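Undergrad: Compute the structure for the input listed below.
(2 chains)
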2 protein chains.
Amino acid sequence: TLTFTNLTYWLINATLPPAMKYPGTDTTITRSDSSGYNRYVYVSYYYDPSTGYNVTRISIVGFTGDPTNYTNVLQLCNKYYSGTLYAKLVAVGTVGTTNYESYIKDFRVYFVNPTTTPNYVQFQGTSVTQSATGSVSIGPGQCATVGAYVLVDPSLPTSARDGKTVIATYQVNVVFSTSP
Amino acid sequence: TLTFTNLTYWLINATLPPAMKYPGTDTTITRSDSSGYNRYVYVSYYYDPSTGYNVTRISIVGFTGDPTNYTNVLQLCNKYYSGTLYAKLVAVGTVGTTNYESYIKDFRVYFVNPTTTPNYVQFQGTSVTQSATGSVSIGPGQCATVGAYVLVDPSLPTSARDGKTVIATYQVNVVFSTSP
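TA: Residues are numbered from 1 along each chain as shown, chains lettered A, B, ... in the order given. Right below this line is the structure:
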(Lines give C-alpha, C1' and ligand atoms only; values in the text may rest on other atoms or scores of the structure.)
Protein backbone atom coordinates (compact mmCIF):
# COMPACT_ATOMS: atom_id res chain seq x y z
CA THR A 1 0.00 0.00 0.00
CA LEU A 2 1.42 3.35 -1.17
CA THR A 3 4.71 1.73 -2.19
CA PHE A 4 6.56 3.56 -4.98
CA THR A 5 10.04 2.28 -5.76
CA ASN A 6 13.37 4.09 -6.16
CA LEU A 7 15.03 2.73 -9.33
CA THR A 8 18.31 4.39 -8.50
CA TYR A 9 20.77 5.29 -11.25
CA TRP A 10 24.07 5.03 -9.49
CA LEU A 11 27.11 6.64 -11.17
CA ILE A 12 30.62 5.29 -10.47
CA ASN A 13 34.02 5.93 -11.95
CA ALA A 14 36.57 5.47 -9.19
CA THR A 15 39.44 7.97 -9.28
CA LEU A 16 43.01 7.23 -8.26
CA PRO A 17 43.52 7.17 -4.47
CA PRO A 18 44.80 10.71 -3.87
CA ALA A 19 46.98 9.68 -0.91
CA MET A 20 49.23 7.17 -2.75
CA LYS A 21 52.17 5.45 -1.03
CA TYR A 22 55.74 6.72 -1.29
CA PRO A 23 58.73 4.57 -0.22
CA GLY A 24 60.40 7.34 1.79
CA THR A 25 64.07 7.78 2.60
CA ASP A 26 64.35 4.47 4.49
CA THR A 27 64.84 2.59 1.21
CA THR A 28 67.78 4.92 0.43
CA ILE A 29 70.13 3.18 2.87
CA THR A 30 71.32 1.28 -0.26
CA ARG A 31 73.81 -0.62 1.91
CA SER A 32 73.68 -3.96 3.70
CA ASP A 33 75.80 -6.87 4.92
CA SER A 34 76.09 -10.30 3.28
CA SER A 35 72.55 -11.16 4.37
CA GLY A 36 71.15 -11.66 0.86
CA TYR A 37 68.99 -8.54 0.65
CA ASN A 38 70.59 -5.32 -0.56
CA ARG A 39 67.89 -3.21 1.11
CA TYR A 40 66.37 -3.24 4.59
CA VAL A 41 63.02 -1.61 3.74
CA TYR A 42 61.29 -3.12 0.69
CA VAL A 43 58.41 -0.69 0.11
CA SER A 44 56.26 -1.71 -2.84
CA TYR A 45 52.59 -1.33 -3.70
CA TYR A 46 51.14 -4.32 -5.53
CA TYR A 47 47.74 -4.89 -7.09
CA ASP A 48 46.19 -7.65 -5.01
CA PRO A 49 44.05 -9.86 -7.28
CA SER A 50 42.52 -12.03 -4.54
CA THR A 51 40.17 -9.33 -3.23
CA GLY A 52 41.05 -6.23 -5.27
CA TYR A 53 43.06 -3.87 -3.06
CA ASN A 54 46.09 -1.62 -3.62
CA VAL A 55 47.95 -3.50 -0.90
CA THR A 56 51.44 -2.14 -0.21
CA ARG A 57 54.16 -4.61 0.77
CA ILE A 58 56.79 -2.93 2.95
CA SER A 59 59.56 -4.71 4.86
CA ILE A 60 60.44 -3.59 8.40
CA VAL A 61 63.60 -5.48 9.36
CA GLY A 62 63.50 -5.49 13.16
CA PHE A 63 66.76 -6.29 14.89
CA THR A 64 66.79 -9.10 17.44
CA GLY A 65 66.99 -8.29 21.14
CA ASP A 66 66.89 -4.54 20.43
CA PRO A 67 63.80 -2.33 20.03
CA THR A 68 64.11 -0.65 16.64
CA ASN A 69 62.07 2.34 15.48
CA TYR A 70 61.85 3.98 12.06
CA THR A 71 61.19 7.61 11.14
CA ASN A 72 60.44 7.91 7.39
CA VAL A 73 58.53 4.77 6.43
CA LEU A 74 55.38 5.70 4.52
CA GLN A 75 53.95 8.90 3.05
CA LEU A 76 50.19 9.45 3.17
CA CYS A 77 50.44 12.46 0.96
CA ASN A 78 47.58 13.82 -1.15
CA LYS A 79 48.66 14.66 -4.70
CA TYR A 80 45.33 14.28 -6.53
CA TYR A 81 42.91 15.76 -3.96
CA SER A 82 43.06 19.54 -3.55
CA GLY A 83 41.69 19.56 0.01
CA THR A 84 42.83 18.54 3.48
CA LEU A 85 42.79 14.85 4.40
CA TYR A 86 41.77 13.59 7.84
CA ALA A 87 42.93 10.09 8.78
CA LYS A 88 42.93 7.67 11.71
CA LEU A 89 44.60 4.31 12.26
CA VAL A 90 43.00 0.96 13.12
CA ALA A 91 44.83 -2.38 13.16
CA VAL A 92 43.27 -5.74 12.29
CA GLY A 93 45.47 -8.47 13.72
CA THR A 94 47.40 -11.40 12.27
CA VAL A 95 47.61 -12.82 8.75
CA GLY A 96 48.61 -16.45 8.44
CA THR A 97 50.95 -17.90 11.04
CA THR A 98 54.75 -18.13 10.95
CA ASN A 99 54.69 -19.82 14.40
CA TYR A 100 57.21 -17.15 15.46
CA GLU A 101 54.65 -14.46 16.35
CA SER A 102 54.92 -15.12 20.10
CA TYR A 103 58.52 -13.83 19.93
CA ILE A 104 57.32 -10.24 19.46
CA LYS A 105 57.01 -8.29 22.71
CA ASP A 106 55.90 -4.96 21.21
CA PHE A 107 54.76 -3.57 17.84
CA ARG A 108 53.55 0.04 17.98
CA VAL A 109 53.28 2.53 15.12
CA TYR A 110 53.92 6.24 15.72
CA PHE A 111 54.51 9.00 13.20
CA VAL A 112 57.30 11.58 13.15
CA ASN A 113 56.10 14.58 11.14
CA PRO A 114 52.35 14.41 11.96
CA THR A 115 51.90 14.92 15.71
CA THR A 116 48.49 14.52 17.34
CA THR A 117 46.55 12.55 19.99
CA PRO A 118 48.20 9.27 20.99
CA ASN A 119 49.15 8.41 17.38
CA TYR A 120 50.13 4.80 17.99
CA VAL A 121 48.41 1.43 17.63
CA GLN A 122 50.31 -1.23 19.55
CA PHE A 123 50.34 -5.00 19.11
CA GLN A 124 51.18 -7.45 21.90
CA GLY A 125 52.38 -10.57 20.12
CA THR A 126 49.31 -12.18 18.59
CA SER A 127 46.87 -10.10 20.63
CA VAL A 128 46.03 -6.41 20.30
CA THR A 129 46.08 -3.81 23.07
CA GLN A 130 45.44 -0.48 21.29
CA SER A 131 42.23 0.27 19.40
CA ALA A 132 42.73 3.42 17.33
CA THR A 133 44.03 6.99 17.20
CA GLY A 134 42.68 10.45 16.41
CA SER A 135 42.38 12.46 13.22
CA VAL A 136 45.28 14.28 11.55
CA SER A 137 45.15 16.93 8.82
CA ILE A 138 46.96 16.30 5.52
CA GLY A 139 46.44 18.94 2.84
CA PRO A 140 48.06 19.99 -0.43
CA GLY A 141 51.77 20.70 -0.09
CA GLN A 142 52.17 19.51 3.49
CA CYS A 143 53.00 15.82 3.38
CA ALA A 144 52.43 13.24 6.11
CA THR A 145 54.98 10.66 7.25
CA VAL A 146 54.39 7.25 8.87
CA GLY A 147 56.75 5.67 11.40
CA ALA A 148 57.11 2.43 13.31
CA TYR A 149 58.55 0.82 16.44
CA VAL A 150 59.56 -2.86 16.45
CA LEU A 151 61.01 -5.00 19.25
CA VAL A 152 61.87 -8.70 18.93
CA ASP A 153 62.71 -11.10 21.73
CA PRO A 154 66.25 -12.51 21.30
CA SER A 155 65.13 -16.10 21.99
CA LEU A 156 64.64 -16.57 18.25
CA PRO A 157 66.62 -19.46 16.74
CA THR A 158 69.74 -18.43 14.84
CA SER A 159 68.31 -20.00 11.67
CA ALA A 160 65.60 -17.32 11.52
CA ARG A 161 68.07 -14.57 12.47
CA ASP A 162 69.28 -14.37 8.85
CA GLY A 163 66.67 -11.85 7.66
CA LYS A 164 65.37 -14.02 4.82
CA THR A 165 62.56 -15.61 6.84
CA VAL A 166 59.46 -13.53 7.54
CA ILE A 167 58.64 -13.61 11.24
CA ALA A 168 55.25 -11.82 11.36
CA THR A 169 52.62 -10.32 9.04
CA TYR A 170 50.10 -7.77 10.34
CA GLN A 171 47.32 -5.67 8.84
CA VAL A 172 46.94 -1.94 9.42
CA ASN A 173 43.88 -0.04 8.19
CA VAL A 174 44.46 3.70 7.84
CA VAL A 175 41.19 5.50 7.11
CA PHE A 176 41.79 8.78 5.27
CA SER A 177 38.81 11.13 5.01
CA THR A 178 38.03 14.75 4.18
CA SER A 179 36.39 15.41 7.57
CA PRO A 180 37.54 15.00 11.20
CA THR B 1 -28.73 -22.00 -11.10
CA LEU B 2 -29.12 -19.07 -8.69
CA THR B 3 -26.72 -16.66 -10.39
CA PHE B 4 -26.96 -13.00 -9.39
CA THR B 5 -24.80 -9.86 -9.63
CA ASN B 6 -24.45 -6.95 -7.24
CA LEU B 7 -23.20 -4.12 -9.52
CA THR B 8 -20.39 -2.71 -7.39
CA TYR B 9 -19.02 0.79 -8.00
CA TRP B 10 -15.36 1.74 -7.57
CA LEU B 11 -14.14 5.27 -6.86
CA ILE B 12 -10.54 6.49 -6.74
CA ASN B 13 -9.15 9.69 -5.20
CA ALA B 14 -5.67 11.16 -5.58
CA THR B 15 -3.44 12.72 -2.92
CA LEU B 16 0.22 13.08 -2.04
CA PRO B 17 2.00 9.91 -0.96
CA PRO B 18 3.36 10.77 2.48
CA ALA B 19 6.70 9.08 1.79
CA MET B 20 8.62 11.77 -0.17
CA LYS B 21 12.38 11.74 -0.86
CA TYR B 22 15.03 14.01 0.64
CA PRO B 23 18.54 14.47 -0.81
CA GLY B 24 20.43 13.93 2.44
CA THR B 25 23.57 15.71 3.61
CA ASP B 26 26.36 13.77 1.86
CA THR B 27 25.16 15.33 -1.40
CA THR B 28 26.47 18.61 0.07
CA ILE B 29 30.09 17.47 -0.29
CA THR B 30 30.37 20.44 -2.72
CA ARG B 31 33.96 19.41 -3.40
CA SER B 32 35.53 17.58 -6.33
CA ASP B 33 38.87 17.21 -8.08
CA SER B 34 39.28 17.22 -11.87
CA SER B 35 36.52 14.62 -12.34
CA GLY B 36 33.95 16.64 -14.29
CA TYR B 37 31.12 16.33 -11.77
CA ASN B 38 31.33 19.26 -9.35
CA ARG B 39 29.58 17.05 -6.77
CA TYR B 40 29.96 13.46 -5.63
CA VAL B 41 26.40 12.53 -4.58
CA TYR B 42 23.43 13.34 -6.81
CA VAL B 43 19.75 13.19 -5.82
CA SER B 44 17.05 13.75 -8.43
CA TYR B 45 13.70 12.30 -9.47
CA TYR B 46 11.92 12.17 -12.82
CA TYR B 47 8.46 10.92 -13.79
CA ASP B 48 9.15 8.12 -16.26
CA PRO B 49 6.28 7.72 -18.76
CA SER B 50 7.09 4.11 -19.69
CA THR B 51 6.13 2.77 -16.25
CA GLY B 52 4.59 5.78 -14.49
CA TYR B 53 6.94 5.61 -11.49
CA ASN B 54 8.41 8.49 -9.49
CA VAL B 55 11.87 7.10 -10.17
CA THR B 56 14.44 8.82 -7.95
CA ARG B 57 18.03 9.07 -9.20
CA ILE B 58 20.88 8.71 -6.70
CA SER B 59 24.53 8.83 -7.80
CA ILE B 60 27.32 7.49 -5.58
CA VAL B 61 30.98 7.89 -6.52
CA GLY B 62 33.14 4.83 -5.89
CA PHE B 63 36.83 4.21 -5.21
CA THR B 64 38.71 1.19 -6.53
CA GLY B 65 40.52 -0.98 -3.99
CA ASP B 66 38.75 0.87 -1.19
CA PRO B 67 35.57 0.12 0.78
CA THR B 68 33.05 2.94 0.57
CA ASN B 69 30.70 3.99 3.37
CA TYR B 70 28.11 6.75 3.77
CA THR B 71 26.03 8.38 6.50
CA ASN B 72 23.19 10.46 5.00
CA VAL B 73 21.95 9.52 1.53
CA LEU B 74 18.15 9.78 1.67
CA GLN B 75 15.57 10.68 4.31
CA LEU B 76 12.20 8.91 4.34
CA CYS B 77 9.41 10.17 6.59
CA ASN B 78 5.76 11.13 6.55
CA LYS B 79 4.73 14.72 5.91
CA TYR B 80 0.94 14.22 5.86
CA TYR B 81 0.12 10.74 7.25
CA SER B 82 -0.08 10.73 11.04
CA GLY B 83 0.06 6.95 11.48
CA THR B 84 3.04 4.78 12.38
CA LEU B 85 4.89 3.98 9.17
CA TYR B 86 6.85 0.83 8.34
CA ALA B 87 9.57 0.67 5.70
CA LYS B 88 11.57 -2.13 4.10
CA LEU B 89 14.04 -2.50 1.23
CA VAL B 90 13.70 -5.19 -1.44
CA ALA B 91 16.43 -5.95 -3.96
CA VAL B 92 15.52 -6.03 -7.66
CA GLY B 93 18.59 -6.60 -9.83
CA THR B 94 20.77 -5.00 -12.47
CA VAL B 95 19.23 -2.39 -14.77
CA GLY B 96 20.94 -2.01 -18.11
CA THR B 97 24.39 -3.45 -18.75
CA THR B 98 27.80 -1.77 -18.63
CA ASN B 99 29.80 -5.04 -18.91
CA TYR B 100 31.65 -3.73 -15.83
CA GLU B 101 29.30 -5.25 -13.24
CA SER B 102 31.84 -8.02 -12.61
CA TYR B 103 34.06 -5.32 -11.06
CA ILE B 104 31.42 -4.40 -8.44
CA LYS B 105 32.04 -7.11 -5.86
CA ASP B 106 29.71 -5.81 -3.14
CA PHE B 107 27.03 -3.14 -2.80
CA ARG B 108 25.13 -2.62 0.46
CA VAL B 109 22.21 -0.28 1.22
CA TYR B 110 21.24 0.11 4.85
CA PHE B 111 19.35 2.22 7.36
CA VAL B 112 21.42 4.54 9.52
CA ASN B 113 19.42 6.15 12.33
CA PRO B 114 16.93 3.31 13.04
CA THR B 115 18.51 -0.12 13.54
CA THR B 116 16.56 -3.34 13.01
CA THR B 117 16.79 -6.90 11.60
CA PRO B 118 19.63 -7.45 9.17
CA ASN B 119 19.25 -3.96 7.63
CA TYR B 120 21.45 -4.49 4.58
CA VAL B 121 20.95 -5.80 1.05
CA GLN B 122 24.07 -6.96 -0.78
CA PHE B 123 24.74 -7.75 -4.43
CA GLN B 124 27.42 -9.95 -6.00
CA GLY B 125 27.87 -8.33 -9.40
CA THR B 126 24.76 -9.43 -11.27
CA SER B 127 23.61 -11.97 -8.67
CA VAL B 128 21.72 -10.96 -5.52
CA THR B 129 22.81 -12.51 -2.22
CA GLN B 130 20.40 -10.75 0.16
CA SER B 131 16.65 -11.01 -0.43
CA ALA B 132 15.23 -8.08 1.55
CA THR B 133 15.48 -6.15 4.80
CA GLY B 134 13.10 -6.18 7.75
CA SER B 135 10.45 -3.73 8.87
CA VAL B 136 11.29 -0.59 10.84
CA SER B 137 9.20 2.01 12.66
CA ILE B 138 8.99 5.61 11.42
CA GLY B 139 6.92 8.14 13.35
CA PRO B 140 5.43 11.52 12.43
CA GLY B 141 8.12 14.18 12.18
CA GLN B 142 11.33 12.15 12.42
CA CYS B 143 12.94 10.76 9.28
CA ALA B 144 14.90 7.53 8.96
CA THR B 145 18.35 7.78 7.39
CA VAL B 146 19.44 5.38 4.64
CA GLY B 147 23.13 4.73 4.01
CA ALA B 148 25.17 3.25 1.20
CA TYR B 149 28.14 0.89 1.06
CA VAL B 150 30.13 0.21 -2.12
CA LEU B 151 33.06 -2.07 -2.93
CA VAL B 152 34.80 -1.59 -6.29
CA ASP B 153 37.35 -4.02 -7.68
CA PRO B 154 40.43 -2.08 -8.89
CA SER B 155 40.65 -4.25 -12.01
CA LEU B 156 38.73 -1.36 -13.58
CA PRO B 157 40.49 -0.14 -16.75
CA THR B 158 42.60 3.00 -16.64
CA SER B 159 40.25 4.38 -19.30
CA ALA B 160 37.68 4.33 -16.47
CA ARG B 161 39.43 6.66 -14.01
CA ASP B 162 37.81 9.85 -15.31
CA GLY B 163 34.49 10.21 -13.47
CA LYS B 164 32.26 10.40 -16.55
CA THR B 165 31.45 6.94 -17.95
CA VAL B 166 28.99 4.60 -16.23
CA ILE B 167 30.39 1.28 -15.00
CA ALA B 168 27.51 0.34 -12.65
CA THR B 169 23.96 1.11 -11.50
CA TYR B 170 21.78 -0.79 -9.03
CA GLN B 171 18.10 -0.70 -8.17
CA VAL B 172 16.50 -1.11 -4.73
CA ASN B 173 12.78 -0.76 -4.01
CA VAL B 174 11.41 0.79 -0.81
CA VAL B 175 8.18 -0.68 0.58
CA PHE B 176 6.02 1.29 3.01
CA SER B 177 3.22 -0.22 5.08
CA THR B 178 0.57 0.69 7.64
CA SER B 179 1.29 -2.53 9.57
CA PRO B 180 4.46 -3.98 11.15
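Undergrad: how about the spatially closest residue to residue A:89 that is not a sequence neighbour, what does it touch?
TA: Nearest in space to residue A:89, with sequence neighbours left out and distances taken as C-beta to C-beta, 6 or more residues apart in numbering or on different chains, is residue A:133 at 4.8 Å. All C-beta atoms are positioned from the backbone trio N, CA, C, and that covers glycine. Contacts here follow C-beta atoms under 8 Å, 6 or more residues apart in numbering or on different chains; on that basis residue A:133 touches A:88-89, A:116-121.
Undergrad: switch the cut-off to 6 Å
TA: Each residue near residue A:133 by C-beta atoms under 6 Å, 6 or more residues apart in numbering or on different chains is listed here: A:88-89, A:118-119.
Undergrad: Highest neighbour count among those residues?
TA: Using other C-beta atoms under 10 Å in any protein chain shown as the neighbour test, the contacts of residue A:133 are led by residue A:89, with 22 neighbours.
Undergrad: partners of the nearest residue to residue A:129 once chain neighbours are set aside in the sheet?
TA: What sits nearest to residue A:129 in space, not counting adjacent residues and going by C-beta to C-beta, 6+ apart, is residue A:122, at 5.6 Å. Beta-bridge partners recorded for residue A:122 (DSSP bridges): residue A:108.
Undergrad: what about residue A:122, neighbour count?
TA: Neighbourhood size, residue A:122 [other C-beta under 10 Å]: 16.
Undergrad: That one contacts residue A:105, doesn't it?
TA: No. With contact defined as C-beta atoms under 6 Å, residue A:122 does not reach residue A:105; the gap is 10.8 Å.
Undergrad: Chain A against chain B: which residues are in contact?
TA: Within chain A, the positions near chain B by C-beta under 6 Å from any C-beta of the partner chain are A:2-16, A:52-54, A:81.
Undergrad: ok, of those, which come out buried?
TA: A:4-16, A:52-54, A:81 (16 or more other C-beta atoms under 10 Å in any protein chain shown).
Undergrad: so of those, which ones are in strands?
TA: Among these, DSSP state E puts A:53-54 in strands.
Undergrad: next one: stretch A:115-130 to chain centre, how far?
TA: From the chain centre to the centre of stretch A:115-130 is a distance of 12 Å (C-alpha atoms, centre = their mean, to the nearest Å).
Undergrad: Mind listing what's buried along it?
TA: A:119, A:121-123, A:125, A:128, A:130.
Undergrad: Contacts for that stretch next, please.
TA: For stretch A:115-130, contacts defined as C-beta under 6 Å, 6+ apart pick out A:89, A:91, A:94, A:101-102, A:104, A:107-111, A:133-134, A:136.
Undergrad: try it again with 8 Å
TA: If you take C-beta under 8 Å, 6+ apart as the criterion, stretch A:115-130 is touched by A:89-91, A:93-94, A:101-111, A:131-136, A:149, A:170, A:172.
Undergrad: I figured residue A:98 hits residue A:169, correct?
TA: Yes. Shown here, residue A:98 and residue A:169 form a contact pair, counting by C-beta atoms under 8 Å, at 7.2 Å.
Undergrad: intersection of neighbour lists for those two?
TA: With C-beta under 8 Å, 6+ apart applied, the contact sets of residue A:98 and residue A:169 do not overlap.
Undergrad: which residues does residue A:156 contact?
TA: Residue A:156 neighbours (C-beta under 8 Å, 6+ apart): A:64, A:100, A:103, A:167.
Undergrad: ok, 7 Å please
TA: Residues in contact with residue A:156 (C-beta atoms under 7 Å, 6 or more residues apart in numbering or on different chains) are A:64, A:100, A:103.
Undergrad: if I look at it, how far off is residue B:111?
TA: Noted for residue A:156: a distance of 50 Å to residue B:111, by C-beta to C-beta, to the nearest Å.
Undergrad: just residue A:43 next, same as before
TA: Distance check for residue A:43 against residue B:111: by C-beta to C-beta, it reads 41 Å.
Undergrad: Residue A:37: neighbour count?
TA: What residue A:37 shows, counting by other C-beta under 10 Å, is a neighbour count of 14.
Undergrad: Count the neighbours of the closest residue to it other than its chain neighbours for me.
TA: In space, residue A:37 comes closest to residue A:163 once its chain neighbours are excluded; the distance is 6.3 Å by C-beta to C-beta, 6+ apart. By other C-beta under 10 Å, the residues close to residue A:163 number 18.
Undergrad: ok so, going back, filter the contacts of stretch A:115-130 down to the ones in strands?
TA: Judged by DSSP E, the contacts of stretch A:115-130 include A:89-91, A:93-94, A:104-110, A:136, A:149, A:170, A:172 as members of strands.
Undergrad: quick one: which two of those residues are the most distant?
TA: A:105 and A:136 (27.3 Å; C-beta to C-beta).
Undergrad: ok, of the contacts of residue A:133, which one's closest to residue A:59?
TA: residue A:89 (19.6 Å).
Undergrad: where's the closest one relative to residue A:174, distance?
TA: With C-beta to C-beta as the criterion, residue A:89 and residue A:174 are 5 Å apart.
Undergrad: do residue A:38 as well
TA: For residue A:38 relative to residue A:174 (C-beta to C-beta), the value is 28 Å.
Undergrad: again with residue A:44
TA: 17 Å.
Undergrad: coming back round to it: in ChimeraX, select just the buried ones from the contacts of stretch A:115-130.
TA: Entered in ChimeraX, the line below selects the buried ones among the contacts of stretch A:115-130, by 16+ other C-beta under 10 Å:
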select /A:89,91,94,101,103,104,107,108,109,110,111,133,135,136,149,170
